[PDB]
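**Student:** Handing you a structure now.
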Amino acid sequence: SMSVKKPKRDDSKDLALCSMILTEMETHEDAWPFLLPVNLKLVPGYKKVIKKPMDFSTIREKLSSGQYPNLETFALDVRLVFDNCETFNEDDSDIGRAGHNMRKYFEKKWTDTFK
């Protein structure tokens with residue numbers, strides 16, 4: 001509260017570390033469905049159904065331009081990518097499997113780097 005603060009957690013490396021994680025996600029072999037924004041002209045249903053599209057290139061641009069205020073807003077956008085993928089894709093599809101694999105991969109790196 002006013003004039004009463006928990007001890008300062010060092011966040012000075014968060015930007016670099018989120019960039020490293022994102023690089024690892026970009027280079028994963030199962031990243032291909034997620035590298036670029038879904039083409040809203042060419043994929044029926046996407047525009048109406050997925051209210052907040054997100055992809056790794058869009059996260060990279062936000063990261064590089066100071067549009068994440070803290071490491072939690074970064075994780076929210078990464079998870080949005082996978083939540084969108086589960087909304088639109090069957091679990092038993094190449095893309096559906098890719099999204100589960102990538103979510104697992106991300107959540108481990110996240111825990112190991114920050115928790």
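Ordered as shown in the structure tokens, chains take letters A, B, and onward, while each chain numbers its residues from 1 and ligands are numbered from 1 in the order shown.
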Could you tell me, as a ChimeraX atom specification, which residues of chain A DSSP assigns to helix (DSSP H, G or I) when given the backbone?
**Tutor:** /A:14-27,29-34,46-49,56-64,71-88,94-114
**Student:** Using only C-alpha atoms, determine which residues lie at most 8 Å from residue 37 of chain A, disregarding the query and same-chain residues fewer than 6 positions distant; provide the list as number ranges by chain.
**Tutor:** A: 53-55, 57-58
**Student:** Could you give me, as a PDB file with C-alpha atoms, in the first residue's frame, the residues within 12 Å of residue 86 of chain A, counting only C-alpha atoms and dropping anything in the same chain fewer than 6 positions from it?
**Tutor:**
```pdb
ATOM      1  CA  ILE A  50     -11.084 -15.533 -33.404  1.00  0.00           C
ATOM      2  CA  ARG A  79      -0.812 -18.274 -24.582  1.00  0.00           C
ATOM      3  CA  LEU A  80      -3.338 -16.460 -26.845  1.00  0.00           C
ATOM      4  CA  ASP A  92      -6.259 -34.692 -33.918  1.00  0.00           C
ATOM      5  CA  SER A  93      -4.871 -32.525 -36.770  1.00  0.00           C
ATOM      6  CA  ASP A  94      -1.315 -31.591 -37.574  1.00  0.00           C
ATOM      7  CA  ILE A  95      -1.974 -27.965 -36.481  1.00  0.00           C
ATOM      8  CA  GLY A  96      -3.923 -28.995 -33.344  1.00  0.00           C
ATOM      9  CA  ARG A  97      -0.988 -31.237 -32.287  1.00  0.00           C
ATOM     10  CA  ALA A  98       1.547 -28.501 -33.140  1.00  0.00           C
ATOM     11  CA  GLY A  99      -0.261 -26.133 -30.793  1.00  0.00           C
ATOM     12  CA  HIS A 100      -0.291 -28.533 -27.882  1.00  0.00           C
ATOM     13  CA  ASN A 101       3.407 -29.308 -28.415  1.00  0.00           C
ATOM     14  CA  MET A 102       4.346 -25.621 -28.571  1.00  0.00           C
ATOM     15  CA  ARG A 103       2.307 -24.718 -25.476  1.00  0.00           C
TER      16      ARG A 103
END
```
**Student:** Quick one: of A:27, A:44, A:63, A:71, who's nearest to residue 12 of chain A, counting only C-alpha atoms?
**Tutor:**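 For residue 12 of chain A, the nearest of the candidates is A:71.
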**Student:** Between atom CA of residue 69 of chain A and atom CA of residue 39 of chain A, what distance in Å does the model show, to one decimal?
**Tutor:**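 Computed distance, atom CA of residue 69 of chain A to atom CA of residue 39 of chain A, equals 27.7 Å.
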**Student:** Tell me which of A:49, A:2, A:20, A:59 sits closest to residue 73 of chain A, counting only C-alpha atoms.
**Tutor:** A:59
**Student:** What separation in Å, quoted to one decimal, exists between atom CA of residue 25 of chain A and atom CA of residue 68 of chain A?
**Tutor:**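 These atoms are spaced 17.7 Å apart.
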**Student:** Any idea what's packed within 12 Å of residue 110 of chain A, counting only C-alpha atoms, ignoring anything in its chain fewer than 3 positions away? Could you give it as a list in words?
**Tutor:** residues 14, 17, 18, 19, 20, 21, 22, 24, 25, 71, 72, 74, 75, 76, 78, 79, 103, 104, 105, 106, 107, 113, 114 and 115 of chain A
**Student:** Keeping only N, CA, C and O atoms, write the selected residues as a short mmCIF file (atom, residue, chain, number, x, y, z; two decimals), in the first residue's frame.
**Tutor:**
```
data_model
loop_
_atom_site.label_atom_id
_atom_site.label_comp_id
_atom_site.auth_asym_id
_atom_site.auth_seq_id
_atom_site.Cartn_x
_atom_site.Cartn_y
_atom_site.Cartn_z
N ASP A 14 14.42 -9.14 -17.98
CA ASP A 14 13.15 -9.79 -18.50
C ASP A 14 13.05 -9.66 -20.04
O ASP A 14 12.62 -10.66 -20.71
N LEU A 17 15.50 -12.07 -21.74
CA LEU A 17 15.09 -13.40 -21.55
C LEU A 17 13.75 -13.75 -22.36
O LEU A 17 13.68 -14.89 -22.93
N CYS A 18 12.78 -12.84 -22.36
CA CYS A 18 11.56 -13.11 -23.20
C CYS A 18 11.97 -13.24 -24.70
O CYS A 18 11.46 -14.13 -25.42
N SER A 19 12.94 -12.38 -25.12
CA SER A 19 13.46 -12.46 -26.52
C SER A 19 14.10 -13.83 -26.81
O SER A 19 13.90 -14.43 -27.87
N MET A 20 14.88 -14.37 -25.86
CA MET A 20 15.45 -15.68 -25.99
C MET A 20 14.45 -16.79 -26.09
O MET A 20 14.58 -17.68 -26.88
N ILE A 21 13.46 -16.78 -25.21
CA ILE A 21 12.37 -17.73 -25.27
C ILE A 21 11.68 -17.67 -26.66
O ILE A 21 11.38 -18.72 -27.22
N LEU A 22 11.37 -16.49 -27.11
CA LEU A 22 10.64 -16.30 -28.35
C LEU A 22 11.47 -16.85 -29.49
O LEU A 22 10.93 -17.56 -30.33
N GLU A 24 13.57 -19.37 -29.34
CA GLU A 24 13.48 -20.77 -29.23
C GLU A 24 12.13 -21.25 -29.82
O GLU A 24 12.06 -22.29 -30.42
N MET A 25 11.07 -20.49 -29.57
CA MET A 25 9.75 -20.85 -30.10
C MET A 25 9.77 -20.68 -31.64
O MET A 25 9.30 -21.62 -32.33
N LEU A 71 6.63 -8.81 -18.11
CA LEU A 71 6.76 -10.19 -18.67
C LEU A 71 5.35 -10.92 -18.67
O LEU A 71 5.15 -11.81 -19.52
N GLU A 72 4.38 -10.58 -17.79
CA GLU A 72 3.07 -11.22 -17.83
C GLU A 72 2.22 -10.90 -19.07
O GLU A 72 1.50 -11.78 -19.57
N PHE A 74 3.51 -10.35 -21.94
CA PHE A 74 4.18 -11.17 -22.98
C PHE A 74 3.64 -12.59 -22.95
O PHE A 74 3.20 -13.11 -23.97
N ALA A 75 3.60 -13.18 -21.74
CA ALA A 75 3.08 -14.60 -21.63
C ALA A 75 1.60 -14.69 -22.07
O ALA A 75 1.18 -15.70 -22.66
N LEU A 76 0.80 -13.64 -21.78
CA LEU A 76 -0.60 -13.66 -22.17
C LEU A 76 -0.74 -13.78 -23.73
O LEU A 76 -1.59 -14.48 -24.25
N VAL A 78 1.58 -14.99 -25.82
CA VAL A 78 2.07 -16.28 -26.27
C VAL A 78 0.88 -17.32 -26.09
O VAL A 78 0.54 -18.12 -26.97
N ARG A 79 0.26 -17.30 -24.89
CA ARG A 79 -0.81 -18.27 -24.58
C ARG A 79 -2.00 -18.05 -25.54
O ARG A 79 -2.64 -19.02 -25.95
N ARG A 103 2.77 -25.23 -26.78
CA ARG A 103 2.31 -24.72 -25.48
C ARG A 103 3.13 -25.39 -24.36
O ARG A 103 3.66 -24.70 -23.47
N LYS A 104 3.21 -26.73 -24.44
CA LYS A 104 4.13 -27.46 -23.52
C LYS A 104 5.54 -26.99 -23.50
O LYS A 104 6.12 -26.73 -22.42
N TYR A 105 6.17 -26.77 -24.68
CA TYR A 105 7.46 -26.30 -24.81
C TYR A 105 7.63 -24.92 -24.17
O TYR A 105 8.64 -24.65 -23.48
N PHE A 106 6.66 -24.02 -24.46
CA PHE A 106 6.72 -22.68 -23.89
C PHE A 106 6.64 -22.69 -22.35
O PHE A 106 7.49 -22.01 -21.70
N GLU A 107 5.73 -23.49 -21.81
CA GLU A 107 5.40 -23.41 -20.41
C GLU A 107 6.59 -23.93 -19.56
O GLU A 107 6.89 -23.36 -18.43
N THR A 113 12.89 -20.43 -16.64
CA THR A 113 13.56 -19.15 -16.69
C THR A 113 13.16 -18.22 -15.53
O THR A 113 13.97 -17.40 -15.13
N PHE A 114 11.90 -18.27 -15.08
CA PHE A 114 11.33 -17.24 -14.21
C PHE A 114 10.80 -17.75 -12.83
O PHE A 114 10.69 -16.96 -11.91
N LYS A 115 10.49 -19.04 -12.68
CA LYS A 115 9.87 -19.59 -11.44
C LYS A 115 10.84 -20.53 -10.68
O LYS A 115 12.03 -20.21 -10.55
#
```
**Student:** For atom CA of residue 48 of chain A and atom CA of residue 60 of chain A, quote the distance in Å rounded to one decimal.
**Tutor:**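 Computing it gives 24.5 Å between the two atoms.
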